[PDB]
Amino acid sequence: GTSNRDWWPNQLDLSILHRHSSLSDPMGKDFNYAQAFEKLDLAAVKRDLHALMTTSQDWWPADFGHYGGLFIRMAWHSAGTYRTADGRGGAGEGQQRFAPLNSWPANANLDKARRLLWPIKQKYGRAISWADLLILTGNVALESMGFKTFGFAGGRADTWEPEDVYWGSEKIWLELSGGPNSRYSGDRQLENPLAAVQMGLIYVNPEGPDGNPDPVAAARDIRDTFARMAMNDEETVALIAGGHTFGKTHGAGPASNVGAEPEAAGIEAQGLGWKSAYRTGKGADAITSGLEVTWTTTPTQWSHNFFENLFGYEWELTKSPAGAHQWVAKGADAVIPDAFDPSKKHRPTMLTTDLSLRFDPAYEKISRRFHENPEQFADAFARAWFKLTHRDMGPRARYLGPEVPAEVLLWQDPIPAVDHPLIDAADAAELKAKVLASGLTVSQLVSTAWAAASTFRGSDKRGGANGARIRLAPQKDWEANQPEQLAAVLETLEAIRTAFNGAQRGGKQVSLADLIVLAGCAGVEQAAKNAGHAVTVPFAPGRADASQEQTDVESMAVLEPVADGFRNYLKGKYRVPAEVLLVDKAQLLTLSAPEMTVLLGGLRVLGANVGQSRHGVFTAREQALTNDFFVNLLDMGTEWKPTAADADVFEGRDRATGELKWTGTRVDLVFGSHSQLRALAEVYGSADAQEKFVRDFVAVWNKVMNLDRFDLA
């Protein structure tokens, strides 16, 4: 059946914005997972999980009688898809159970892992999400095997369809670099936003880069991909050596014995895949990655044997029974237990990427430190495991349950607690009047509050206006934020704050974070008044100001907008057309297509464009909140053409005289070209739509101003 995508494969896709509809969600539109989880008997769940560890099922028998390794890999892979560039992937939505991730090569036989969990899932029902369950199971695996975790939070709601994530352009699983859709160019530079070296891998290739078994070059891939997952050297070595203290790999026979991945399998497979024709197809005969490595002398118990082995032997290149490159300890005795036959032992073995931890000079220093000081290794791995599995959870306010660590961590972008009375409605009116009396314009007010709040992304729940990090490094210097203009606004607002706060008693004060948002709201009110309309913009106080020392500057860099169509901004020239970038930004902001439409048309007329650009400013009453953008954009009296200077800038001329009326970018004119966008534009550009436009704009404005407000959730 030929589809629109087949006929026009490069047309913009709006379906990513209409995901997560109440249509596909089985739960009622009033279901609140947080509340369900808070009533869960978490202790009960953990006791059932501990039991499960050694309750071997015959359709996938437990290695060493203990599923803990398999479950730690499951949990690590759930979290391991995370990319800092967009915040997409990670464990927070349980996406491992949907396509494509349920069928990625690197996720082979994790289908078995999840199926082993169904009875517990079933027993507790909606009070524990799959998303939470996959992480909790990893934690209980660790504790069962003797490692004490740093903590655990619930609160990851399940999702009901696949997220639309860009995982790469290759059309072959696992394709090596340099092909027609290569994710690499130049000197092994991985294209943003990807965080894996091959399509269907988690970070890197366990045999080495494009399968070349060189631990030194593998290290480079490890460092790059782990950094793109928010992990530094110390955390990376802790994670890899900590993980590989447990369990084993599976490569008992040739890979050609393994059949269709789950999304490809027949209906009879009932959601499982990778059925193997090799011997019994499971247990002692399992084939997962094709490698056949067991790292330690006690694979079901926490130990210090990983680094004892890594440093205590020299390593020889060899092949598994499936033909994969791996390493065996020269001259060792058979000290490693077999997973199923007590009469068999094996020599110590390692992956290429394990050896990275010794042969890369920076990892080697850490690895040696961890070898000499195992309590430092344990603590580091505990903290990194917590980080890994909670990285995409958002502000600490979303953390649920009795095991949430009290320690505030820098990577959490912490917001101080509020310890004083908040402003009330009379205070908010007084502040808004002070802001309007200062001279700050509608454009400056809207611009600033937009800059502050629109850093939020729903993918990992980072960013937003809470924290007033816009006044700190690096946000205060981002080009999109207009640093010299922003400085002038902030100085004025900081002076209003100081003067208000100085006049109060009883402890009441206003945060700068709140005042930036309130000032934005005053701008939008003033803009409606310029248009002749009375309007009230909702405002909720309670943001606090974070410090520079609570703001990791390098971690904040990934939130910098290099494209923000809502301010007609593009930092440079990209392969991806700008209207694609606009929809991606709308998805991050959690906007529907109608919300994106109304918001952009109103920001254009309010003066929110970077640099005061006239592109898309289709109004003769700038700073007035009107539907002018849509009425003018849709006027057939104007003809558009690209400029000779720049194919991405368009001039709109009167069709009868030739005279120039407007200029616009691709982001502006896609609203008059895409047949779904134009249908939305028509609604707001109709003669009966002025009040609808204003009301819808205020609602979306407020939505954006509250995106990170999980303290009100």
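For every residue, the number given is its place in the sequence shown, counted from 1.
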Checklist entry - Comparing 701 to 709 with 13 to 21, where is the mean C-alpha B-factor higher? => result 13 to 21
Checklist entry - Which wins on mean Cα temperature factor, 557 to 565 or 235 to 243? => result 557 to 565
Checklist entry - Can you tell me which of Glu261, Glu314, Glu93, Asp111 has the highest Cα temperature factor in the record? => result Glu314
Checklist entry - Out of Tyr574, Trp274, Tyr82, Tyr124, which residue has the highest Cα temperature factor in the PDB record? => result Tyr574
Next on the checklist: Quick check on the deposited entry: does the C-alpha B-factor of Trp640 sit in the lowest, middle or highest third of its chain?
Outcome noted: highest
Checklist outcome for this item: Among the modelled residues of its chain, the C-alpha B-factor of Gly520 falls in the third labelled lowest
Next on the checklist: When the deposited Cα B-factors of this chain's modelled residues are ordered and cut into thirds, is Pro61 in the lowest, the middle or the highest one?
Outcome noted: middle
Checklist entry - Looking at the C-alpha B-factor of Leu70, is it in the lowest, middle or highest third of its chain? => result lowest
Checklist entry - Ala656's Cα B-factor: lowest, middle or highest third of the chain? => result highest
